[PDB]
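First, one chain by itself: the form deposited in one PDB entry, in structure tokens.
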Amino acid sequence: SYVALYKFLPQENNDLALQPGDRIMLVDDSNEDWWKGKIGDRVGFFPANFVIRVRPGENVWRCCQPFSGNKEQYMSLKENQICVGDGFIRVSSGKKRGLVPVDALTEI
């Protein structure tokens, strides 16, 4: 599974529109920057760096309250930032992984 981290409105005709939290089925990745994927019955291009891989168990979350903590001990999340798999949960942003409070996340 892949998931859109960001909104992406189409600029050219063959672009595929993303909303954050969209689950995307891959169609072609021969270009390393621009991938072809499918959402519902819509097929098109979008930036590869706009999506994060979702392992089989993993859920998807939107950060409902900012949380910053010491990497040395914890992960950062700005408001509405998307992420992926008591009190804490280990999540990933794509760039960095770490613990955040579960109450700082909505499931999507």
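Each residue number is its position in the shown sequence, starting from 1.
Although not depicted, the form solved in complex with a partner chain is the subject of the following passage.
Contact with its partner chain in the bound PDB entry, defined as a heavy atom within 4.5 Å, is made by all three of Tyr6, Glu12 and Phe50. Using a 4.5 Å cutoff between non-hydrogen atoms, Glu79 does not count as a contact of its partner chain in the bound PDB entry.
Of the heavy atoms in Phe45, some are within 4.5 Å of its partner chain in the bound PDB entry.
Put simply, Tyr74 is far from its partner chain in the bound PDB entry: not one heavy atom of it is within 4.5 Å. The shortest heavy atom separation between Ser68 and its partner chain in the bound PDB entry exceeds 4.5 Å.
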